[PDB]
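Below are the chains, spelled out letter by letter.
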Amino acid sequence: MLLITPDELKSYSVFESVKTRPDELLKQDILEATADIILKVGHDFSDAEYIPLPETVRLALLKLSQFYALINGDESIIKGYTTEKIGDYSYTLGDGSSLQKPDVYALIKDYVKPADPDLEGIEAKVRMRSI
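Residues numbered from 1 in each chain as written, not as in the entry; some residues may be left out. Heavy atoms only, no water.

Structure determination for this PDB entry is given in the record as solution NMR.

This entry carries the title "Solution Structure of Bacillus subtilis Protein yqbG: The Northeast Structural Genomics Consortium Target SR215". The protein has a UniProt comment under Subunit that states "Monomer." (UniProt positions renumbered as here; feature names shortened; annotations may be inferred.)

S.K.: Could you give an account of the pattern of salt bridges, naming the residues involved and the relevant values?
M.R.: For the structure on display, the rule yields three salt bridges. Across the salt bridge formed by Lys-40 and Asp-36, the nearest N and O atoms sit 3.0 Å from each other. In this pair, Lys-40 and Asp-36 both sit in helix α3 (residues 23–41), four residues apart, roughly one turn of the helix. A residue is classified by how much of its surface remains accessible, and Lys-40, at 27% relative accessible area, is partly exposed. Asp-36 serves as the salt-bridge partner of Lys-101, at 2.6 Å between the closest nitrogen and oxygen. On the criterion of sequence distance, the pair formed by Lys-101 in the loop between α4 (55–70) and α5 (105–108) and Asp-36 in helix α3 is long-range, its members being 65 residues apart. (Salt bridge = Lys/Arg side-chain N within 4 Å of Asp/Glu carboxyl O. Helix = DSSP H or I, 4+ residues; strand = E, 2+ residues; numbered from the N terminus. Buried < 20%, exposed > 50% of the residue type's maximum accessible area, 1.4 Å probe, protein only.)

S.K.: Hey, could you go over the environment of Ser-13 for me, with residue numbers and the actual values?
M.R.: Here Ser-13 shows up in the loop between α1 (6–12) and α2 (16–20). On the basis of relative accessibility, which here comes to 0%, the residue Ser-13 falls in the buried class. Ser-13 has contacts with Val-18, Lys-19 and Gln-66, leaving out every residue within four places of it along the chain. (Contact = heavy atoms within 4.5 Å.)

S.K.: So, unusual backbone geometry: which residues are in play, and what are the values?
M.R.: Not every positive phi belongs to a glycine, and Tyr-91 is a case in point at roughly 55 degrees. Assessed through its relative accessible area of 1%, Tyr-91 is described here as buried. The phi angle at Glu-123 is positive, at roughly 65 degrees, despite the residue not being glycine. Position of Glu-123 among the secondary structure elements: in the loop between α5 and α6 (125–130).

S.K.: Tell me about a negative patch on the surface, and please be specific about residues and values.
M.R.: On the surface, a cluster of negative charge is made up of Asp-7, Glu-8, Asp-23 and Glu-24. Listed by contribution, the elements that provide at least two residues to the negative patch are α1 and α3. Its location among the elements puts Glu-24 in helix α3. (Patch = residues over 30% accessible without salt bridge, like charges linked within 9 Å, V, L, I, M, F, W, Y side chains within 5 Å. Areas by Shrake-Rupley, 256 points an atom, 1.4 Å probe, with all protein chains shown as cover. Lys, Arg positive; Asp, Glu negative; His and termini not counted. Charge placed at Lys NZ, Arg CZ, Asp CG, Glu CD.)

S.K.: Any details on the side chain of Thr-34? Residues and values, ideally.
M.R.: Positionally, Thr-34 belongs in helix α3. In contact with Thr-34, other than residues within four places in its own chain, are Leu-2, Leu-39 and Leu-61.

S.K.: Can you break down the layout of surface pockets residue by residue, with the values?
M.R.: Approximately 630 Å³ is the volume found for the largest pocket. If you trace the largest pocket, you find 17 residues lining it, with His-43, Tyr-50, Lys-113, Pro-114 and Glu-120 closest to the centre. Here the residues of the lining of the largest pocket sort into seven nonpolar, two polar and eight charged. (1 Å grid on protein atoms, 1.4 Å probe; cavity = no way out; pocket = protein on both sides within 12 Å on 5 of 7 lines; lining within 4 Å. Points joined across faces, edges and corners; volume = space filled by probe spheres on them. Nonpolar A, V, L, I, M, F, W, Y, C, P; charged D, E, K, R; others polar.)

So this is what it looks like as structure tokens:
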């Protein structure tokens, strides 16, 4: 599971909403952000033997997290009065903009489910882990 500090988000995010947001929440939000990335790549970094944190993901999550956290604790942005945090055409800004998710697809596009066969280093680890 994503392991990015909530403070680090505010560190890069110069948003009061993101700043105000408590770490306790920032966590839930951050995780909620990864849920998207994880869905985008259709993979969840669980295996401790495969939990990379490139500038792309970190940035992708930082942006996503910054986006949501931004439309999370703001003035009085509209949102599913009886719904949860999503990524629709909601989050009406004070100006009247449909602030939607950011563009980090290209960021994860680097770590997006590629089109590779089962040629990857398989039957190698096991062969060893077995020994």
